[PDB]
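Enquirer: Okay, so here is run-v4.cif, and as you'll see once you scroll down, it has mmCIF, C-alpha atoms and all ligand atoms; chains and numbers go by the auth columns.
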data_input
loop_
_atom_site.group_PDB
_atom_site.id
_atom_site.type_symbol
_atom_site.label_atom_id
_atom_site.label_comp_id
_atom_site.label_asym_id
_atom_site.label_seq_id
_atom_site.Cartn_x
_atom_site.Cartn_y
_atom_site.Cartn_z
_atom_site.B_iso_or_equiv
_atom_site.auth_seq_id
_atom_site.auth_asym_id
ATOM 1 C CA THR A 1 118.237 94.081 133.260 0.00 19 U
ATOM 2 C CA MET A 2 117.183 90.651 131.966 0.00 20 U
ATOM 3 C CA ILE A 3 114.768 88.774 129.703 0.00 21 U
ATOM 4 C CA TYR A 4 111.511 87.082 130.719 0.00 22 U
ATOM 5 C CA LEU A 5 109.087 84.663 129.064 0.00 23 U
ATOM 6 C CA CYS A 6 105.261 84.704 129.017 0.00 24 U
ATOM 7 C CA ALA A 7 103.012 81.792 130.085 0.00 25 U
ATOM 8 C CA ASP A 8 101.328 81.484 126.696 0.00 26 U
ATOM 9 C CA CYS A 9 103.245 83.103 123.843 0.00 27 U
ATOM 10 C CA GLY A 10 106.759 82.634 125.188 0.00 28 U
ATOM 11 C CA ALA A 11 108.107 85.486 123.072 0.00 29 U
ATOM 12 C CA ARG A 12 111.092 87.372 124.433 0.00 30 U
ATOM 13 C CA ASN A 13 109.608 90.138 126.588 0.00 31 U
ATOM 14 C CA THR A 14 113.018 91.564 127.480 0.00 32 U
ATOM 15 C CA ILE A 15 111.406 94.031 129.878 0.00 33 U
ATOM 16 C CA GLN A 16 112.977 96.554 132.224 0.00 34 U
ATOM 17 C CA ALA A 17 113.271 96.545 136.004 0.00 35 U
ATOM 18 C CA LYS A 18 110.545 98.319 137.975 0.00 36 U
ATOM 19 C CA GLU A 19 107.820 98.808 135.370 0.00 37 U
ATOM 20 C CA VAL A 20 104.713 96.732 134.684 0.00 38 U
ATOM 21 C CA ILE A 21 104.467 92.957 134.435 0.00 39 U
ATOM 22 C CA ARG A 22 102.861 92.000 131.116 0.00 40 U
ATOM 23 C CA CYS A 23 103.848 91.309 127.518 0.00 41 U
ATOM 24 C CA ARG A 24 104.010 93.101 124.144 0.00 42 U
ATOM 25 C CA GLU A 25 102.384 91.487 121.122 0.00 43 U
ATOM 26 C CA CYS A 26 99.564 89.854 123.061 0.00 44 U
ATOM 27 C CA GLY A 27 98.166 89.654 126.573 0.00 45 U
ATOM 28 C CA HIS A 28 98.157 87.977 130.002 0.00 46 U
ATOM 29 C CA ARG A 29 100.482 89.032 132.812 0.00 47 U
ATOM 30 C CA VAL A 30 102.746 86.406 134.355 0.00 48 U
ATOM 31 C CA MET A 31 106.104 85.121 133.006 0.00 49 U
ATOM 32 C CA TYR A 32 108.854 82.600 133.888 0.00 50 U
ATOM 33 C CA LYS A 33 112.605 82.816 133.375 0.00 51 U
ATOM 34 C CA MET A 34 114.959 81.450 130.714 0.00 52 U
ATOM 35 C CA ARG A 35 117.057 78.463 131.856 0.00 53 U
ATOM 36 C CA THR A 36 120.666 79.463 132.504 0.00 54 U
ATOM 37 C CA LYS A 37 123.405 78.417 130.079 0.00 55 U
ATOM 38 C CA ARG A 38 124.856 76.394 131.714 0.00 56 U
ATOM 39 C CA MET A 39 126.381 72.867 131.513 0.00 57 U
ATOM 40 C CA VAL A 40 125.348 71.416 134.847 0.00 58 U
ATOM 41 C CA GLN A 41 126.942 68.499 136.684 0.00 59 U
ATOM 42 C CA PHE A 42 124.455 65.585 136.683 0.00 60 U
ATOM 43 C CA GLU A 43 125.145 62.047 137.933 0.00 61 U
ATOM 44 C CA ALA A 44 123.207 59.251 136.217 0.00 62 U
ATOM 45 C CA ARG A 45 121.894 57.433 139.317 0.00 63 U
ATOM 46 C CA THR B 1 87.633 88.159 133.275 0.00 98 H
ATOM 47 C CA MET B 2 89.506 85.529 135.274 0.00 99 H
ATOM 48 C CA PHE B 3 90.962 82.431 133.633 0.00 100 H
ATOM 49 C CA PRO B 4 91.944 80.021 136.405 0.00 101 H
ATOM 50 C CA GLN B 5 94.038 78.279 137.197 0.00 102 H
ATOM 51 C CA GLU B 6 96.264 80.738 135.315 0.00 103 H
ATOM 52 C CA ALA B 7 95.112 82.831 138.262 0.00 104 H
ATOM 53 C CA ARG B 8 95.634 81.271 141.690 0.00 105 H
ATOM 54 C CA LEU B 9 99.384 81.975 141.697 0.00 106 H
ATOM 55 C CA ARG B 10 98.627 85.662 141.383 0.00 107 H
ATOM 56 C CA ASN B 11 97.215 84.863 144.867 0.00 108 H
ATOM 57 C CA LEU B 12 93.968 86.169 143.378 0.00 109 H
ATOM 58 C CA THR B 13 90.621 85.342 144.991 0.00 110 H
ATOM 59 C CA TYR B 14 88.194 83.806 142.502 0.00 111 H
ATOM 60 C CA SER B 15 84.911 85.668 142.910 0.00 112 H
ATOM 61 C CA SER B 16 82.418 87.642 140.834 0.00 113 H
ATOM 62 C CA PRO B 17 80.570 90.869 141.638 0.00 114 H
ATOM 63 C CA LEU B 18 76.991 91.031 142.848 0.00 115 H
ATOM 64 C CA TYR B 19 74.657 93.567 141.334 0.00 116 H
ATOM 65 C CA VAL B 20 71.309 94.183 143.015 0.00 117 H
ATOM 66 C CA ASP B 21 68.764 96.628 141.582 0.00 118 H
ATOM 67 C CA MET B 22 68.143 99.238 144.266 0.00 119 H
ATOM 68 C CA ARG B 23 65.024 101.373 144.573 0.00 120 H
ATOM 69 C CA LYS B 24 64.963 104.991 145.756 0.00 121 H
ATOM 70 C CA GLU B 25 61.649 107.432 142.439 0.00 143 H
ATOM 71 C CA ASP B 26 62.864 107.429 138.846 0.00 144 H
ATOM 72 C CA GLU B 27 61.081 104.470 137.221 0.00 145 H
ATOM 73 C CA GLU B 28 64.335 102.650 136.482 0.00 146 H
HETATM 74 ZN ZN ZN C . 102.874 87.020 125.864 0.00 201 U
#
What do you get writing this file as structure tokens?
Expert:
Amino acid sequence: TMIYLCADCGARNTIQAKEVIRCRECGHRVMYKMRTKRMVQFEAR
Amino acid sequence: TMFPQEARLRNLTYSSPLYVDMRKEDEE
């Protein structure tokens, strides 16, 4: 499974598939996703 | 309690509960 990030704290929640959506050392229950690596092809125009 | 707009996206409806004192008799 992967890592997720909370809306406020941002700490690594690294939480497991099929469980409960929340955090660890805090509160609130949302979370976005770390940006991939990832060297991405971008024209300057 | 709710904290919008951190709600919304949880498709949550933003209401509060009503509480009306009902009378049946036990004083309170
Ligand atoms: Zn958090």
Enquirer: Near stretch 45-54 of chain U, within 12 Å and counting all atoms listed in the file, which residues show up once chain neighbours fewer than 6 positions away are dropped, as an mmCIF file with C-alpha atoms, keeping the file's coordinate frame?
Expert:
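The result, written out as part35.cif:
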data_model
loop_
_atom_site.group_PDB
_atom_site.id
_atom_site.type_symbol
_atom_site.label_atom_id
_atom_site.label_comp_id
_atom_site.auth_asym_id
_atom_site.auth_seq_id
_atom_site.Cartn_x
_atom_site.Cartn_y
_atom_site.Cartn_z
ATOM 1 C CA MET U 20 117.183 90.651 131.966
ATOM 2 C CA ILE U 21 114.768 88.774 129.703
ATOM 3 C CA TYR U 22 111.511 87.082 130.719
ATOM 4 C CA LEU U 23 109.087 84.663 129.064
ATOM 5 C CA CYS U 24 105.261 84.704 129.017
ATOM 6 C CA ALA U 25 103.012 81.792 130.085
ATOM 7 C CA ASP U 26 101.328 81.484 126.696
ATOM 8 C CA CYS U 27 103.245 83.103 123.843
ATOM 9 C CA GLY U 28 106.759 82.634 125.188
ATOM 10 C CA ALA U 29 108.107 85.486 123.072
ATOM 11 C CA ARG U 30 111.092 87.372 124.433
ATOM 12 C CA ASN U 31 109.608 90.138 126.588
ATOM 13 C CA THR U 32 113.018 91.564 127.480
ATOM 14 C CA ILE U 33 111.406 94.031 129.878
ATOM 15 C CA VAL U 38 104.713 96.732 134.684
ATOM 16 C CA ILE U 39 104.467 92.957 134.435
ATOM 17 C CA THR H 98 87.633 88.159 133.275
ATOM 18 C CA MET H 99 89.506 85.529 135.274
ATOM 19 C CA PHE H 100 90.962 82.431 133.633
ATOM 20 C CA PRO H 101 91.944 80.021 136.405
ATOM 21 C CA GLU H 103 96.264 80.738 135.315
ATOM 22 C CA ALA H 104 95.112 82.831 138.262
ATOM 23 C CA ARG H 105 95.634 81.271 141.690
ATOM 24 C CA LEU H 106 99.384 81.975 141.697
ATOM 25 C CA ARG H 107 98.627 85.662 141.383
ATOM 26 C CA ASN H 108 97.215 84.863 144.867
#
Enquirer: For the atom pair atom ZN of ligand ZN 201 (chain U) and atom CA of residue U:40, what is the interatomic distance in Å to one decimal place?
Expert: 7.2 Å
Enquirer: Could you jot down the atom CA of residue U:55 to atom CA of residue U:34 separation for me, Å, one decimal place?
Expert: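 Distance between the two atoms: 21.0 Å.
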Enquirer: Complete stretch 23-45 of chain U with N, CA, C and O atoms (output as an mmCIF file, keeping the file's coordinate frame).
Expert:
data_model
loop_
_atom_site.group_PDB
_atom_site.id
_atom_site.type_symbol
_atom_site.label_atom_id
_atom_site.label_comp_id
_atom_site.auth_asym_id
_atom_site.auth_seq_id
_atom_site.Cartn_x
_atom_site.Cartn_y
_atom_site.Cartn_z
ATOM 1 N N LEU U 23 109.927 85.378 130.022
ATOM 2 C CA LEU U 23 109.087 84.663 129.064
ATOM 3 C C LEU U 23 107.647 84.505 129.561
ATOM 4 O O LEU U 23 107.418 84.186 130.724
ATOM 5 N N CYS U 24 106.682 84.728 128.670
ATOM 6 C CA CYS U 24 105.261 84.704 129.017
ATOM 7 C C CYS U 24 104.726 83.288 129.150
ATOM 8 O O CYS U 24 105.315 82.361 128.609
ATOM 9 N N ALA U 25 103.604 83.118 129.853
ATOM 10 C CA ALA U 25 103.012 81.792 130.085
ATOM 11 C C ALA U 25 102.403 81.149 128.842
ATOM 12 O O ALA U 25 102.307 79.920 128.753
ATOM 13 N N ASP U 26 101.968 81.976 127.902
ATOM 14 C CA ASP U 26 101.328 81.484 126.696
ATOM 15 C C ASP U 26 102.239 81.605 125.476
ATOM 16 O O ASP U 26 102.706 80.603 124.929
ATOM 17 N N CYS U 27 102.489 82.840 125.061
ATOM 18 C CA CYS U 27 103.245 83.103 123.843
ATOM 19 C C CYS U 27 104.671 82.559 123.950
ATOM 20 O O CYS U 27 105.097 81.730 123.146
ATOM 21 N N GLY U 28 105.385 83.031 124.962
ATOM 22 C CA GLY U 28 106.759 82.634 125.188
ATOM 23 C C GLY U 28 107.736 83.582 124.520
ATOM 24 O O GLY U 28 108.942 83.431 124.673
ATOM 25 N N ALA U 29 107.227 84.555 123.771
ATOM 26 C CA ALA U 29 108.107 85.486 123.072
ATOM 27 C C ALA U 29 108.982 86.247 124.057
ATOM 28 O O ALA U 29 108.620 86.447 125.217
ATOM 29 N N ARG U 30 110.159 86.642 123.594
ATOM 30 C CA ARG U 30 111.092 87.372 124.433
ATOM 31 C C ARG U 30 110.497 88.722 124.817
ATOM 32 O O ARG U 30 110.336 89.598 123.969
ATOM 33 N N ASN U 31 110.152 88.875 126.091
ATOM 34 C CA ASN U 31 109.608 90.138 126.588
ATOM 35 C C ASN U 31 110.659 91.165 126.974
ATOM 36 O O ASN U 31 110.365 92.351 127.068
ATOM 37 N N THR U 32 111.885 90.694 127.189
ATOM 38 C CA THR U 32 113.018 91.564 127.480
ATOM 39 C C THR U 32 112.582 92.899 128.078
ATOM 40 O O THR U 32 112.762 93.951 127.476
ATOM 41 N N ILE U 33 112.002 92.846 129.274
ATOM 42 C CA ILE U 33 111.406 94.031 129.878
ATOM 43 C C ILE U 33 112.237 94.551 131.036
ATOM 44 O O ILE U 33 112.941 93.789 131.700
ATOM 45 N N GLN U 34 112.102 95.849 131.295
ATOM 46 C CA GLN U 34 112.977 96.554 132.224
ATOM 47 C C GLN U 34 112.532 96.525 133.678
ATOM 48 O O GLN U 34 111.338 96.501 133.979
ATOM 49 N N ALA U 35 113.515 96.556 134.571
ATOM 50 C CA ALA U 35 113.271 96.545 136.004
ATOM 51 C C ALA U 35 112.264 97.618 136.379
ATOM 52 O O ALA U 35 112.140 98.624 135.683
ATOM 53 N N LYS U 36 111.558 97.388 137.482
ATOM 54 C CA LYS U 36 110.545 98.319 137.975
ATOM 55 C C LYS U 36 109.766 98.945 136.820
ATOM 56 O O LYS U 36 110.143 99.995 136.301
ATOM 57 N N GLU U 37 108.685 98.287 136.419
ATOM 58 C CA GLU U 37 107.820 98.808 135.370
ATOM 59 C C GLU U 37 106.415 98.236 135.545
ATOM 60 O O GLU U 37 105.734 98.529 136.530
ATOM 61 N N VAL U 38 105.989 97.423 134.589
ATOM 62 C CA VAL U 38 104.713 96.732 134.684
ATOM 63 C C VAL U 38 104.865 95.315 134.136
ATOM 64 O O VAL U 38 105.454 95.105 133.076
ATOM 65 N N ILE U 39 104.339 94.340 134.857
ATOM 66 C CA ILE U 39 104.467 92.957 134.435
ATOM 67 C C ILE U 39 103.386 92.580 133.428
ATOM 68 O O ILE U 39 102.207 92.490 133.776
ATOM 69 N N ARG U 40 103.790 92.333 132.186
ATOM 70 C CA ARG U 40 102.861 92.000 131.116
ATOM 71 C C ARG U 40 103.652 91.508 129.915
ATOM 72 O O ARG U 40 104.728 90.938 130.074
ATOM 73 N N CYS U 41 103.135 91.731 128.717
ATOM 74 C CA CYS U 41 103.848 91.309 127.518
ATOM 75 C C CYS U 41 104.016 92.431 126.491
ATOM 76 O O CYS U 41 104.306 93.566 126.855
ATOM 77 N N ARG U 42 103.853 92.107 125.207
ATOM 78 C CA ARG U 42 104.010 93.101 124.144
ATOM 79 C C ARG U 42 103.049 92.868 122.986
ATOM 80 O O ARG U 42 102.163 93.679 122.736
ATOM 81 N N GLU U 43 103.228 91.764 122.271
ATOM 82 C CA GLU U 43 102.384 91.487 121.122
ATOM 83 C C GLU U 43 101.322 90.465 121.482
ATOM 84 O O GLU U 43 101.196 89.429 120.833
ATOM 85 N N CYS U 44 100.561 90.776 122.530
ATOM 86 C CA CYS U 44 99.564 89.854 123.061
ATOM 87 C C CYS U 44 98.998 90.321 124.397
ATOM 88 O O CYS U 44 98.754 91.509 124.608
ATOM 89 N N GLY U 45 98.796 89.368 125.300
ATOM 90 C CA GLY U 45 98.166 89.654 126.573
ATOM 91 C C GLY U 45 98.661 88.788 127.719
ATOM 92 O O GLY U 45 99.744 88.201 127.656
#
